[PDB]
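Trainee:
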Amino acid sequence: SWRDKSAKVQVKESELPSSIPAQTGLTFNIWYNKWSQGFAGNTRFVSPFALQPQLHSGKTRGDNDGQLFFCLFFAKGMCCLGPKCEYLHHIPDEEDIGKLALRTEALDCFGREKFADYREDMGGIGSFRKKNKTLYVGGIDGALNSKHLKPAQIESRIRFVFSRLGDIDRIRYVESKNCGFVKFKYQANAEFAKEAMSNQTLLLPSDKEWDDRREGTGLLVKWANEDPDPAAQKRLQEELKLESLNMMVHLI
Amino acid sequence: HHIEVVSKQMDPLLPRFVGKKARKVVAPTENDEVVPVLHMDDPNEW
Amino acid sequence: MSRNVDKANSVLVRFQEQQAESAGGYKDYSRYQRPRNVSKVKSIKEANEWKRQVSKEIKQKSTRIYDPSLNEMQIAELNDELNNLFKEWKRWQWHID
Amino acid sequence: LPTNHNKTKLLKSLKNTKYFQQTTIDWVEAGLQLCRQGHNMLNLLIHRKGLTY
Amino acid sequence: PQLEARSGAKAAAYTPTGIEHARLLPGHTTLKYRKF
Amino acid sequence: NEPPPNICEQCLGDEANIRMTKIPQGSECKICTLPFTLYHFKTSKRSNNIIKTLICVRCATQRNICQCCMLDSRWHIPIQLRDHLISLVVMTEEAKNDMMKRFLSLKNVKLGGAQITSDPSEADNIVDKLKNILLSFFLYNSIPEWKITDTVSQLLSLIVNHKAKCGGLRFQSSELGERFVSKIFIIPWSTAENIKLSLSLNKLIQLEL
Amino acid sequence: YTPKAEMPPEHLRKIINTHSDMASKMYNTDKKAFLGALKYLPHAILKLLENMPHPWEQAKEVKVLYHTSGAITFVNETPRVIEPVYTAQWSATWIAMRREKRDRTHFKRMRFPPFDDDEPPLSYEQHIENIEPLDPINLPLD
Amino acid sequence: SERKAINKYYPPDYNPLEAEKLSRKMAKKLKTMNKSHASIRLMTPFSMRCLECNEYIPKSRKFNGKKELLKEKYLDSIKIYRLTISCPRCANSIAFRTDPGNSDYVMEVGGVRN
Amino acid sequence: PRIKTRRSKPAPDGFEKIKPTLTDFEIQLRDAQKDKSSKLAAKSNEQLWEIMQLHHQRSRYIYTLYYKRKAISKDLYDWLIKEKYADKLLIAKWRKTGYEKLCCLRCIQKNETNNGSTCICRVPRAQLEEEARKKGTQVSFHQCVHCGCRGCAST
RNA sequence: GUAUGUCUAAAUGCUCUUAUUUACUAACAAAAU
Ligand SMILES: [Zn+2]
Ligand SMILES: [Zn+2]
Ligand SMILES: [Zn+2]
Ligand SMILES: [Zn+2]
Ligand SMILES: [Zn+2]
Numbered sequence: 003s004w005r006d007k008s009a010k011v012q013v014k015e016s017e018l019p020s021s022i023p024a025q026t027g028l029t030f031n032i033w034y035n036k037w038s039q040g041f042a043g044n045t046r047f048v049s050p051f052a053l054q055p056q057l058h059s060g061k062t063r064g065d066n067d068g069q070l071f072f073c074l075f076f077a078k079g080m081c082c083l084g085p086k087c088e089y090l091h092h093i094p095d096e097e098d099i100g101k102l103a104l105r106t107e108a109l110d111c112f113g114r115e116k117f118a119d120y121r122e123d124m125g126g127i128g129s130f131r132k133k134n135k136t137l138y139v140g141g142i143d144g145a146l147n148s149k150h151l152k153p154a155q156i157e158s159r160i161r162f163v164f165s166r167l168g169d170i171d172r173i174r175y176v177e178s179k180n181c182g183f184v185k186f187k188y189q190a191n192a193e194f195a196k197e198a199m200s201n202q203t204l205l206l207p208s209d210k211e212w213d214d215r216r217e218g219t220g221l222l223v224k225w226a227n228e229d230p231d232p233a234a235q236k237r238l239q240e241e242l243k244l245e246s247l248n249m250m251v252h253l254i
Numbered sequence: 110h111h112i113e114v115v116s117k118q119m120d121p122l123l124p125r126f127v128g129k130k131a132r133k134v135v136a137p138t139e140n141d142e143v144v145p146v147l148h149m150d159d160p161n162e163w
Numbered sequence: 001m002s003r004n005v006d007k008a009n010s011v012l013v014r015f016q017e018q019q020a021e022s023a024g025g026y027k028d029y030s031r032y033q034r035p036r037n038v039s040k041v042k043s044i045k046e047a048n049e050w051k052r053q054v055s056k057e058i059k060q061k062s063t064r065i066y067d068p069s070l071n072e073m074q075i076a077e078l079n080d081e082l083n084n085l086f087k088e089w090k091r092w093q094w095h096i097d
Numbered sequence: 538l539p540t541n542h543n544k545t546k547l548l549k550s551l552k553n554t555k556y557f558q559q560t561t562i563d564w565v566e567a568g569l570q571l572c573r574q575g576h577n578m579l580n581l582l583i584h585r586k587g588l589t590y
Numbered sequence: 007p008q009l010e011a012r013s014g015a016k017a018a019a020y021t022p023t024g025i026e027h028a029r030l031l032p033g034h035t036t037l038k039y040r041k042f
Numbered sequence: 006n007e008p009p010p011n012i013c014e015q016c017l018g019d020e021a022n023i024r025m026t027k028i029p030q031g032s033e034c035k036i037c038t039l040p041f042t043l044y045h046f047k048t049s050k051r052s053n054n055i056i057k058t059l060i061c062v063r064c065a066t067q068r069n070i071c072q073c074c075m076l077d078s079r080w081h082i083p084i085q086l087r088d089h090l091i092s093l094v099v100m101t102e103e104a105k106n107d108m109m110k111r112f113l114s115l116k117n118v119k120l121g122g123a124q125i126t127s128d129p130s131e132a133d134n135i136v137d138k139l140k141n142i143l144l204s205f206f207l208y209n213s214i215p216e217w218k219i220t221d222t223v224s225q226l227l239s240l241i242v243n244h245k246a247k248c249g250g251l252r253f254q255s256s257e258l259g260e261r262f263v264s265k266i289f290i291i292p293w294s306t307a308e309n310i311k312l313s314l315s316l317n318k319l320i321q322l323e324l
Numbered sequence: 128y129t130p131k132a133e134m135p136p137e138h139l140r141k142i143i144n145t146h147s148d149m150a151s152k153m154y155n156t157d158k159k160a161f162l163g164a165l166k167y168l169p170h171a172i173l174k175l176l177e178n179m180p181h182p183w184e185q186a187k188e189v190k191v192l193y194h195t196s197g198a199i200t201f202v203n204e205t206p207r208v209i210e211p212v213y214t215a216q217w218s219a220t221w222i223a224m225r226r227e228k229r230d231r232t233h234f235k236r237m238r239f240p241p242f243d244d245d246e247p248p249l250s251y252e253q254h255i256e257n258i259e260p261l262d263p264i265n266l267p268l269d
Numbered sequence: 002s003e004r005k006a007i008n009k010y011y012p013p014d015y016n017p018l019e020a021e022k023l024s025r026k027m028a029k030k031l032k033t034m035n036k037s038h039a040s041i042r043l044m045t046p047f048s049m050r051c052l053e054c055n056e057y058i059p060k061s062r063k064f065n066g067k068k069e070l071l072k073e074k075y076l077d078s079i080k081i082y083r084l085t086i087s088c089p090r091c092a093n094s095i096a097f098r099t100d101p102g103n104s105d106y107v108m109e110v111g112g113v114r115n
Numbered sequence: 002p003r004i005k006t007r008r009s010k011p012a013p014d015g016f017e018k019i020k021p022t023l024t025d026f027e028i029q030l031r032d033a034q035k036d037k038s039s040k041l042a043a044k045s046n047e048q049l050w051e052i053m054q055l056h057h058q059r060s061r062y063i064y065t066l067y068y069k070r071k072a073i074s075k076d077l078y079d080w081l082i083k084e085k086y087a088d089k090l091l092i093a094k095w096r097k098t099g100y101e102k103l104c105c106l107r108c109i110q111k112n113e114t115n116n117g118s119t120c121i122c123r124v125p126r127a128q129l130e131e132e133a134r135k136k137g138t139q140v141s142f143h144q145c146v147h148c149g150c151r152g153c154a155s156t
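Protein chains in written order, with the entry's author numbering: chain A, 3 to 254; chain B, 110 to 150, 159 to 163; chain C, 1 to 97; chain D, 538 to 590; chain E, 7 to 42; chain F, 6 to 94, 99 to 144, 204 to 209, 213 to 227, 239 to 266, 289 to 294, 306 to 324; chain G, 128 to 269; chain H, 2 to 115; chain I, 2 to 156.
(1) Cα separation between G/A164 and I/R151?
(2) Quick check: does the Cβ of residue 229 of chain F come within less than 7 angstroms of any heavy atom belonging to ligand 5?
(3) Along the segment 132 to 162 of chain G, where does the CB come closer than 9 angstroms to a CB of chain B? Name the residues.
(4) Looking at C-beta atoms only, is the number of pairs between the segment 41 to 50 of chain F and the segment 15 to 30 of chain F that lie closer than 8 angstroms three or more?
(5) Could you pull the start and end residues of the beta strand (DSSP E) that A/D171 belongs to?
(6) In this structure, what does DSSP give as the bridge partners for I/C105?
(7) Compute the minimum distance between the beta carbon of F/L86 and the heavy atoms of ligand 2, and state whether it is under 7 angstroms.
(8) Mind listing the chain I neighbours of D/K555? Cutoff is C-beta to C-beta under 9 angstroms, in chain order.
(9) How would you label I/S45, buried or exposed, when you count the other beta carbons within 10 angstroms and need 16 or more for buried?
(10) Strictly by DSSP, which residues pair up with G/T200?
(11) Say whether chain A places a C-beta atom closer than 8 angstroms to the C-beta of I/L91.
(12) Measure from the alpha carbon of F/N11 to the alpha carbon of each residue in F/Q30, F/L43 and F/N22, then state which is nearest.
(13) Measuring only between beta-carbons, confirm whether I/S141 sits less than 8 angstroms from chain F.
(14) Going along the chain, which residues of its own chain have a beta-carbon closer than 8 angstroms to the beta-carbon of F/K318, five neighbours each way excluded?
(15) Tell me, which residues are paired with H/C51 by DSSP?
(16) Three or more C-beta pairs under 8 angstroms: does that hold for the segment 12 to 19 of chain I against the segment 66 to 82 of chain I?
(17) By how many angstroms is the C-alpha of H/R4 removed from the C-alpha of A/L221?
(18) Using beta-carbon positions only, say whether A/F112 and A/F162 come within less than 8 angstroms of one another.
(19) In whole angstroms, what separates the C-alpha of A/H92 from that of F/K218?
(20) Just how far apart, CA to CA, sit I/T114 and D/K555?
(21) Mind checking if D/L571 is an interface residue toward chain B, Cβ cutoff 8 angstroms exclusive?
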């Protein structure tokens, strides 16, 4: 219970929060902060940090003042401000979501503008046009350092990571596509999860490849392009209908 | 509800009109009312 | 050093590349020829890069070989080249890790 | 023959904003700052232009 | 070829650029007048 | 010349005085990507985080929406939903293209539905029509896990596949489970026949891929 | 209205130092500001040059405006003088120079540029602390 | 930044000899520079027919050829070169050699002079 | 401070006593004036704030010794003022009523601010707190972006 | 005036050879006593 669990957080101290870029290119472009004169390198690298939320989550300088938006850095697991952060440090609970449900159309749970069109890769901060709570997970091969695991095991792992991060609606691992679809109750929660699990390893301490988790490439967590197979579609339609009904009720 | 508009003094270094970026824009004609184009009334030579 | 190739392989550029390689680890696996005999490549990343390069090459080969003048001998030659590339790729998928 | 109208010099306008503030500085220090700032500007612009070489 | 003649010109209005053209600079602010 | 900002009642705030700044060609509208004046207000003086307008007035007019909330000017519903309702009693297709979006924005047609929402006549009629229209343990036998979890809590990690329909709840405590049993949709430990059959079928389906 | 706050030079120095290794998403806007500042860099140059300490002056303190972003720094004061006094000073300096010339077998003329193209110009903080700046040009009086 | 640039910038540590050595070390590895058929732009002096599709490429017509060194020189110390071309229509590799005994060229299994 | 160039006389009488106190300050300033690779906007701001505080503090010390304690000669004080040590304007402000606890001058430049008013720091904790209580929320602001000044007011 | 365009999934040190260059570029310009 994050309020009475703790106050403190201090995820990654301001001594070592991050080095700035990773060398692609020959020369370093001061204006873009991106290496130039060459592009060789798959670029996506695994997060040095992570959100162990039960430990970390806490009261902030924001909580007292009445901040709406949660801390991106906290989600990522590297908020060096900690208790003096102005953005919130906890998993988005229901009440909080309700409170910022007016704004949640235009901008994310992080207080940053949702766009009109999706990014072509479905890669970040979803559109305000299509509301969504549904994350594509990918690069699970790369996130587990090419480990010969059972799909079931992988699914379980995903559940473990994602359940903690937010109230789950439903999850699907797929062998053929080699992916992990997750759906949440609240869009905000989903967003938070995405922020967290971007570039994260799925591995555990008990695994034998724990010390070389950094050398791999992390989870590619993105937005879900809707499932075409028909039952799912039907379900979605039903949900939409229900929503409409609710809206109508509210109106009258 | 009544509301006070203001104009804040932006810093004189940053671009004054940060919105504009020399964008191409095709416009629709939007001519809803119909112009009446009225008029009156050897081919081998011409 | 007209026509760009010369410029690319001008000493200064080479030096710069070397420096990059030394500090940070920027290599251009496009720029160097892929080695013939695998198992002289202890690092994994390098191997992966090589594999990627070969895949790219294969793709390139594929793209061109379906051109309209199909009866010309270049295409035929490439067919063997394509096979070779495939073989190389397969080899690169060695089972050390 | 100079401007009848223009009282408003450049510095005055700047002062009228909140973004500038003013100190008293040793002239050498100021010069150094200019050199550094100027250098930064020329690099920054150049990098924006894309030419990093 | 593409070395080609033409059919019509153009006139389409965009957002102004805000560029300090040399000629556009002020000059002859005073307009003259006639006597009447 | 400039038209006025269209900010809703709930968008703007609960107070009889708000101060805002206008920033002419501040940002590009999110829909249209075309320069427009940003209004941004603080609601209450001291309440943190600003509320900048994210869309151009024209676009708002077209969609008939709050320039901050992105919700129907009248009913305060997401554009999809409001439009969907109207359809139920045709929806807008924002054209997600660099050039075309701008063109769409500049058109002044009130895209789709917006007209109905604008007019007292039409919105009201629609509403009326709508009204008329209206008037450890495995678990077996689709619904979301956040509901299941809630139910469990009420009764007092929770895995559930849907292709399987096989929910293996693991409280990890003998106390929680033994309280859970007494205080009380097949629920064993770690038309019945029909149910069994269906379950089996589901399992088979899960296992073929 | 109410005049500008006379800020401490320390603050300015700190600001300057911060925008040396500037390559984060932090100060995106500072880079923009810097870019903008090119507009007034020649003005700044003119100002600084104008304030050049005269040879009868070890080190001139000078008024300075500076963008809080650290993008540009104008010497603000415009150096006015009592004309005859100024002339006298110049004459004195001239005399001193002449004397020096008379004295010295070889006069060590500067090399240009004074610092290397590789070497980045030392911050002012290396030589605030240094010993009293050596004596300037003012002739022996009576 | 300008074609007549007097001095290219060097890093503050650039032992030129050392740099050269390094380059050499990374020249055997290098893709380009360690290969034959280096490109060239040339007009065609022979004025000849492409043997496959009979395309009559005339005198002085410009092409992006490949110049390669023929190891077997003429006499002793005066080199001779293969100069590859493609026919405009069909992509057949025409080429020719420069045997300097006659102060002229020789056709090399590409086309025929006429 | 500025650099001595035989312009003003080295120092008046009682400088040797106070010098070691205000030479601690110099060290602090030096620590402040450098690339603390803050990697973060708030952190960066903090160093500036610290610097400002340091600047204030020295002046206060000087001011305190000359006005409140009155243990230093007028001439010495004048000399100090002439030098960069003290801030003159700040001192003057302090001397005036209602500005005695005053973080910095640019917290009371009414022209500067977007809303035509003074910095919030100048509001006594009492009033803001009261407002918060009335509202429902807790104490709203901590420190201003000009200088770190938690409750600058004269109360 | 050193053109251009498509194409891109995310072994180690060692030394020895030089009074040169398989050098490349031609957009630039073109006359006699
Ligand atoms: Zn944070
Ligand atoms: Zn609204
Ligand atoms: Zn204050
Ligand atoms: Zn202050
Ligand atoms: Zn303040």
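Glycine is no exception: its CB is placed at the ideal position from the N, C-alpha and C atoms.
Mentor: The structure says:
(1) Taking the Cα positions, G/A164 is about 34 angstroms away from I/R151.
(2) Placed between 227 and 239 in the numbering, residue 229 of chain F has no coordinates, as chain F goes from one to the other without interruption by modelled residues.
(3) Contacts with chain B (Cβ-Cβ distance below 9 angstroms) from the segment 132 to 162 of chain G involve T156, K159, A160, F161 and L162, listed in chain order.
(4) The segment 41 to 50 of chain F is in contact with the segment 15 to 30 of chain F.
(5) Secondary structure note for A/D171: its beta strand (DSSP E) is the uninterrupted segment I170 to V176.
(6) Here I/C105 is not bridged, per DSSP, to any residue.
(7) Checking the Cβ of F/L86 against ligand 2 gives no.
(8) Those are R107, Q110, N112, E113, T114 and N115, listed as they occur along chain I.
(9) Buried.
(10) Partner(s): G/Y193.
(11) Answer no: the Cβ-Cβ gap between I/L91 and chain A never drops below 8 angstroms.
(12) Nearest option by C-alpha distance: F/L43.
(13) So yes, I/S141 belongs to the interface.
(14) Excluding positions up to five away in sequence, the list reads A246 and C248.
(15) Note: H/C51 sits in a beta bridge opposite H/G112.
(16) Of all C-beta pairs linking the segment 12 to 19 of chain I to the segment 66 to 82 of chain I, three or more are shorter than 8 angstroms, placing the two stretches in contact.
(17) Rounded to whole angstroms, A/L221 and H/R4 show a C-alpha spacing of 47 angstroms.
(18) In this structure, A/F112 keeps its C-beta atom at 8 angstroms or more from the C-beta atom of A/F162.
(19) Their backbone Cα atoms lie some 21 angstroms apart in a straight line.
(20) One C-alpha to the other measures close to 7 angstroms.
(21) Closer than 8 angstroms: no.
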